[PDB]
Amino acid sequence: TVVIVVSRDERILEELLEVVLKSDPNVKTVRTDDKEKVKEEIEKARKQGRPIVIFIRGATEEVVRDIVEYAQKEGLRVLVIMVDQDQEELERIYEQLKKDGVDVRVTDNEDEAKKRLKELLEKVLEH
């Protein structure tokens, strides 16, 4: 009933939106990162009795959580397709680095990266 396509890549969201619009012009589509706009459209999708595909970047874990909960409490089925193009290319880089003897550290934010880099230079700039 409610399909959510999640991707940080705007170009990918555009292309998938196109695929939906050109394949079956009868399913509703909405491109927005605004939770309210989403709810407003899900409802119109209800009145018109049509399925809806939502295109979002995420990635707020709260925004996706709300949308999923909102639709479920109305008995709407929720299907999700996540597209993480980045993830997979980074994964291969990581493997090769490890493949060699490279001491690789994967950080999840600049704050963490900052700490590790400083700690790295504070101990490499030393001879």
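So that there is no doubt, residue numbering starts at 1 and follows the sequence shown.
- The question of which stretch, 34-42 or 58-66, has the higher mean Cα B factor is settled in favour of 58-66.
- Looking at 98-106 and 76-84 together, the entry lists the larger mean B-factor for 98-106, computed on C-alpha atoms.
- In the PDB entry, the Cα temperature factor peaks, among 18, 24, 10, 112, at 24.
- Placement of the Cα temperature factor of residue 121 within the chain: highest third of the modelled residues, per the deposited record.
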